[PDB]
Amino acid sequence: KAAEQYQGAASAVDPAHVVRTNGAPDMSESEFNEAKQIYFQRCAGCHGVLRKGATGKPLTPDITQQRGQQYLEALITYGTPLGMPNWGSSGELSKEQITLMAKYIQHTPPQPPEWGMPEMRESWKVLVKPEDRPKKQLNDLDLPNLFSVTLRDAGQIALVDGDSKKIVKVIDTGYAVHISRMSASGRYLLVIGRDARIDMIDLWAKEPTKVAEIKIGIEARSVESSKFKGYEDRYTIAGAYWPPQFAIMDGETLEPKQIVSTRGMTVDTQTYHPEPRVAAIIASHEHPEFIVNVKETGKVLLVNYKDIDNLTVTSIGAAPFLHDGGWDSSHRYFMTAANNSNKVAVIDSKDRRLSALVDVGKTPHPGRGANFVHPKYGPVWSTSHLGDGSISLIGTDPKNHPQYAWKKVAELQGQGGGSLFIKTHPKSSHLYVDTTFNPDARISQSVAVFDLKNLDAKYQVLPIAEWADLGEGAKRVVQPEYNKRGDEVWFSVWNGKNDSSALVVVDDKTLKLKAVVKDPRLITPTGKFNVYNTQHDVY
């Protein structure tokens, strides 16, 4: 009873300032659930689970009820020229459905489940123990030249032989794998689906097989392996969209070790954000750390794995909406993009600080970027954009080129906006740029190629989807990817689930069609990752 009186006083919190949420328009279970289904299929990706993910005002009840039924139905119907699509004018949703959505966003956001250690371990499986695994490569495949390709809708991935252009093995994975990464030893291929399910693949088995699996959240996009000297296959890290967290696992078995929440204060307004999605993750070569990108709060975390029992995290503030990115030629500066902020953040991994914030085009989307030596400006890193057809070239040499370091030194012009990936290779004199989400079909089905030896000349357009000879379908071309020796660049002809797709290979030296990969199993091919280039960050 002593301890009961000890903690018996009043909370300093004023009841009058703790508010009950409601005053929303009534809707039955049938109605409520219909809107909710529409919400996650059509709105969630941009607005988030708790409705604070997009730019502009959040869709939380304090704002929506203020605007009211009429204003909301009107906005959802026509959209806005700032990124909010029109759902009525386009015919996407009915007026009845839009009325449902306007009612829906006036209610408190339904809560998705959390996903801690018990859920994680439950989902964790070791298909093949480290003791039962081969001591050496048991197949005669040229693993470095293998291409891990995502059969998106199929929920699988395909290993494709670089030289033979044939599918060696198809593997079952999590739905719509987003990226593929290689372990520092070059033996394990890691893949993670948007459903947060990670699969570990042993390339040394007679036939490449899965040795371990785990689910690290409800939704996810990234995975990475420890690449610091003396830590080959030590730790594997993965970031989730929901819950706002990342998890560190055992490199050999994928055993859950640490789970860290990214919920926190933003870099810009320094206010609490309840859902800071984890974006890109890259492993440091300077220190035993993982460089994690936290989107909404716009934070770059340096997570030290030298001692995972007592995690040390350095939080570097950058700019809101961090997404993708990659290393500079030297592998010390993490050139990442804050897309909605129209900036590229530069993270000095050695000194562990924000080297600079570079102003670029509308909605930069570099992927891992493209590094090359410019005749006049020296070592540069480049990116294309979704908001425009420009290509930003940034100087990346502080030591021997202070005049150009962290400056948008020059621009190039491609086919137009809607670009996703820019590419090049050390042995190549060409720079590729795609246009996957360009509203023009011809431009979306082709790629622009620049001449590094003559950057003044306009690009050449390579008709990739046409070369494929596929037939009907949108046939969107996406992500150029070189092979081991960088003498051929690969592309994905991302056609529908019920249509026909292909991977088109081009001779880098002649810019001529070299081959086309077709297979009934090659369903919705998207990302392609060449083992050697992925593992050694060659781009």
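The numbering used is simple: start at 1 and walk along the sequence shown. Throughout, rigid core stands for the largest set of C-alpha atoms superposing within 1.5 Å between the two forms.
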Item checked: Stretch with larger C-alpha RMS deviation in 6 other deposited structures of this protein, core superposed, 392-400 versus 105-113 -> 105-113
Margin query: For a rigid core alignment of each structure in 6 other deposited structures of this protein onto the shown form, which stretch has the higher root mean square Cα deviation: 327-335 or 77-85?
Written below: 77-85
Notebook entry, point to check: If you average the Cα B factors in the entry, which is higher, 93-101 or 295-303?
Noted result: 93-101
Next item on the list: Could you check which stretch, 176-184 or 397-405, carries the larger mean CA temperature factor in the entry?
Entry: 397-405
Notebook entry, point to check: From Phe290, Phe321, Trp115, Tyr78, can you pick the one with the highest C-alpha B factor in the entry?
Noted result: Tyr78
Next item on the list: Tell me, please, which of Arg152, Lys215, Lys229, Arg234 has the highest C-alpha B factor according to the deposited entry?
Entry: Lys229
Checklist line | Third assignment of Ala24 from its chain's C-alpha B-factors | finding: highest
Item checked: B-factor third for the C-alpha atom of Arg221 within its chain -> lowest
Notebook entry, point to check: C-alpha B factor of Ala515, ranked within the chain: lowest, middle or highest third?
Noted result: middle
Notebook entry, point to check: How does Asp359 rank on Cα B-factor within its chain, lowest, middle or highest third?
Noted result: middle
Next item on the list: Relative to the other modelled residues of the same chain, rank the CA B-factor of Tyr272 and answer lowest, middle or highest third.
Entry: lowest
